[PDB]
Amino acid sequence: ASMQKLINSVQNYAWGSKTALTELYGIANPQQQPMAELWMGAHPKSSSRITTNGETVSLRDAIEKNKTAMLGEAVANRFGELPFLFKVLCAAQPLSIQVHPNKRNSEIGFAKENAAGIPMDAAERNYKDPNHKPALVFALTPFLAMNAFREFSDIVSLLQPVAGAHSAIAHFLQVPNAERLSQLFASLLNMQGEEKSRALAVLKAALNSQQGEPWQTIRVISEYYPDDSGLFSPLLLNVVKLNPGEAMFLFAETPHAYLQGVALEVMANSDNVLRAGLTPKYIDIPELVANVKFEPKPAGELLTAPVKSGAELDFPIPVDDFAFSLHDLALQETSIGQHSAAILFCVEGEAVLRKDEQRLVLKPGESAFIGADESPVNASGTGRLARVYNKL
């Protein structure tokens, strides 16, 4: 078959929604497991599968045996593997604040892990690999997130009501600069004992006297992370509620967090992470600070502005690792073509894909893999298809 309908894995992480994949897509969940992520890709922990001949095979194995034909020459020579993972994320609980280092620093972190030979999966297993981890999130339902530092004057206004929480806050307020923001960020994560309990007590009190956002987001997070220094983060970081159809790119060296809702996510392949709060786990504050860019990002610059050409809505991505587009479907076919492998996912409506004599229908939530050698395919029906591919 030219077009390969995908059999995808669902990670039942404890923070997933018990209902979102079922309500959206009709995916069965009789046992009422938390269904956190639906994976579309070739990840070695749980590759998607394809059907041949009759059997099913791992997409990862099938790509390994036929890299040029499947990935396209450009991807096969640049990356040697499918260079992204594509997911539906269903966050029923807020997730950790994370930073991903850039490519060069990821290569260093990786070597350090290896040299001062940390196991693989241990405490500071923060650099599992030498790859960066750029990502784009695309909201399927209203999606609450934190992303990037606020304008410094915005941080000032938000911290005034909690000036007594911590001397690092007063220190920043006296001179609101990137240096003192860095110090504040590290002091907050490093708070212990009575210092931390004083600070959390002042924040918690401010929630009674301060209404609206980001105070309301703090309240929402505090249900899951009552004792976490990351409760201050919404005062430093932009809180964004994406409407369905909006997207945001997660830059290197930039703190962010997924807090609530359902989204598509596409990312480069890396299992690396530097956590920056909302976690009981491993935080290396010096390493974190060394890989954070303490520069504000204005609210108007957070969303990716897409570009519409005929039926295609492209979301320009500033890395080569992946590209992402939405495609409107109609009765008249449209040709969807690319130089690379592509994964097509039915967002809503119903997609009929055609390649010569083959026709493959996708209902919402279903996806197909299109080998590079099988491009273009023609798409018709109703609704929208999302595509992940490579523009190399």
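Numbering (the entry's author numbering) for the sequence shown: -1 to 50, 52 to 391.
The beta carbon of each residue, even a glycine, is placed where N, CA and C say it ideally should be.
Burial state of residue i (16 or more Cβ within 10 Å)
| i | result |
| --- | --- |
| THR216 | buried |
| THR50 | exposed |
| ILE96 | buried |
| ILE107 | exposed |
| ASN268 | buried |
| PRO28 | exposed |
| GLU373 | buried |
| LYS66 | buried |
| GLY260 | buried |
| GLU35 | buried |
| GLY24 | exposed |
| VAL239 | buried |
Straight-line gap, residue i to residue j (C-alpha atoms, nearest Å)
| i | j | result |
| --- | --- | --- |
| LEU158 | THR333 | 52 Å |
| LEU230 | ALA26 | 35 Å |
| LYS195 | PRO82 | 41 Å |
| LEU188 | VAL351 | 50 Å |
| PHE151 | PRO100 | 23 Å |
| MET266 | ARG353 | 28 Å |
| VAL288 | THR381 | 47 Å |
| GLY39 | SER208 | 47 Å |
| residue 51 | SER45 | Note on the chain: numbering goes from 50 to 52 directly, and residue 51 within that interval has no coordinates. |
| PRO213 | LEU241 | 15 Å |
| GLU72 | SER339 | 8 Å |
| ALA322 | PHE85 | 11 Å |
| residue 404 | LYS292 | Limits of the chain in this structure are -1 at one end and 391 at the other, which puts residue 404 out of reach. |
| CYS345 | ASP226 | 40 Å |
| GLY116 | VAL87 | 35 Å |
Three-way DSSP call (helix, strand, coil) for residue i in this model
| i | result |
| --- | --- |
| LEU84 | strand |
| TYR11 | coil |
| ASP313 | strand |
| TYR257 | strand |
| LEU328 | coil |
| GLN92 | coil |
| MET190 | coil |
| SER152 | helix |
| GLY163 | helix |
| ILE282 | coil |
| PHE321 | coil |
| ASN377 | strand |
| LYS203 | helix |
| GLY370 | coil |
| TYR23 | helix |
Residue span of the beta strand (DSSP E) that contains residue i, given as start and end
| i | result |
| --- | --- |
| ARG358 | 357 to 361 |
| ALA138 | 134 to 138 |
| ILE5 | Neither: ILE5 is in no beta strand (DSSP E) and is coded neither H nor E. |
| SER334 | 333 to 335 |
| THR55 | 55 to 57 |
| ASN76 | No beta strand (DSSP E) contains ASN76, which is instead part of the alpha helix (DSSP H) from 72 to 77. |
Test item: CB-CB of residue i and residue j under 8 Å
| i | j | result |
| --- | --- | --- |
| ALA205 | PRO233 | no |
| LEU258 | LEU143 | yes |
| residue 422 | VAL98 | Outside the shown range of the chain (-1 to 391) lies residue 422, about which nothing can therefore be said. |
| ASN237 | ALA298 | yes |
| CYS89 | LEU19 | yes |
| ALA275 | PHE137 | no |
| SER366 | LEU139 | no |
| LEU235 | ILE154 | yes |
| residue 51 | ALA329 | Gap note for the chain: numbering proceeds from 50 to 52 with nothing in between, so residue 51 has no coordinates. |
| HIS326 | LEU384 | yes |
| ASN10 | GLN31 | yes |
Extent of the continuous alpha helix (DSSP H) run through residue i
| i | result |
| --- | --- |
| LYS296 | From DSSP, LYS296 is part of no alpha helix (DSSP H); its letter is neither H nor E. |
| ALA147 | Careful: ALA147 lies outside any alpha helix (DSSP H), inside the beta strand (DSSP E) at 142 to 148. |
| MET119 | First-last for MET119: undefined, no H or E at that position. |
| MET33 | Counting along the chain, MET33 falls outside any alpha helix (DSSP H), and DSSP gives it neither H nor E. |
| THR216 | 214 to 221 |
Closer than 7 Å: residue i CB and nearest the ligand COA heavy atom
| i | result |
| --- | --- |
| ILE217 | With respect to the ligand COA, the structure offers nothing, as it holds no ligand at all. |
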